[PDB]
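For reference, the structure is listed below as structure tokens.
All Cβ positions, even for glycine, are placed from backbone atoms using ideal geometry, and neighbour counts span all protein chains on display. Just so it is clear, none of the values below were taken in a lab; they were calculated from the coordinates.
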RNA sequence: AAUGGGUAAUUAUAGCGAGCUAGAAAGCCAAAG
Ligand SMILES: Nc1ncnc2c1ncn2[C@@H]1O[C@H](COP(=O)(O)OP(=O)(O)OP(=O)(O)O)[C@@H](O)[C@H]1O
């Protein structure tokens, strides 16, 4: 808690610093549970649970501000079981193809052998990173919605 | 007693039965670019 209070003080809430706050949770709160007085939710960390809750809560707003509603107590608080059945979320994805054809393009008599092998598998890691972080600001979203990123 | 003859046994016994050092190096290539 003192690690939180030292870095939450001198801090600004904007898209410039929309992303340093997430690592402040994903490092510090990475092992702290959520709602410990329970019988089922024993393993959902507060770094992940706050990351998913902020991921959904933006997507309700982009689902509702496009349909044209402005009040939030009749389609959320009373029509909760209707929203439990209402399809309101996409699970997007992507798949970067041709990764090993690009990484393992090394051959005998390659003038840079291991440096190009360590660069190309890092290059496609940033490319798989930038496909995420450029789709989210083309939209109105950010790194909470990205549930995973890996090898493509 | 003379005289005629040799007869049987053993045919090697007990051990050691290989030990240690080396078990692929240097180039090409790749690296350095
Ligand atoms: N960035 C990466 N670096 C290293 N290895 C990777 C990377 N991305 C994927 N791989 C490895 O390559 C395998 C498959 O990669 P591939 O490019 O065939 O994916 P894919 O095209 O989605 O395959 P499929 O068409 O069968 O779904 C994975 O099992 C993974 O181990």
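With respect to chain A, whose longest principal axis is taken over its alpha-carbon atoms, helix A:114-138 is tilted by about 30°. In the range A:1-49, Cα pairs under 8 Å separated by at least six residues give a relative contact order of 29 percent. Angle of helix A:46-67 to the longest C-alpha principal axis of chain A, folded into 0 to 90 degrees and rounded to 10: 70°.
Label-to-label distance for residue A:89 and residue A:133 is 2.5 nm, based on points extended 7 Å past Cα in the beta-carbon direction. Per residue, the convex hull around the alpha carbon atoms of chain A comes to 203 Å³. Fewest-first ordering of A:16, A:80 by other beta carbons within 10 Å of each residue's beta carbon gives A:16, A:80. Simple spin-label estimate for residue A:141 and residue A:15 gives 1.6 nm between the two label positions (7 Å along the Cα-to-Cβ direction from each Cα). Pairwise inverse Cα distances across the range A:28-118, averaged and inverted, put the Kirkwood hydrodynamic radius at 18.2 Å.
By the count of neighbouring beta-carbon atoms within 10 Å, fewest first, A:5, A:79 end up ordered A:5, A:79.
Calculated mean residue ellipticity, 222 nm, chain A: -15000 deg cm²/dmol, from DSSP H runs (n ≥ 4) at -39500 (n - 2.57) each, averaged per residue and rounded to 500.
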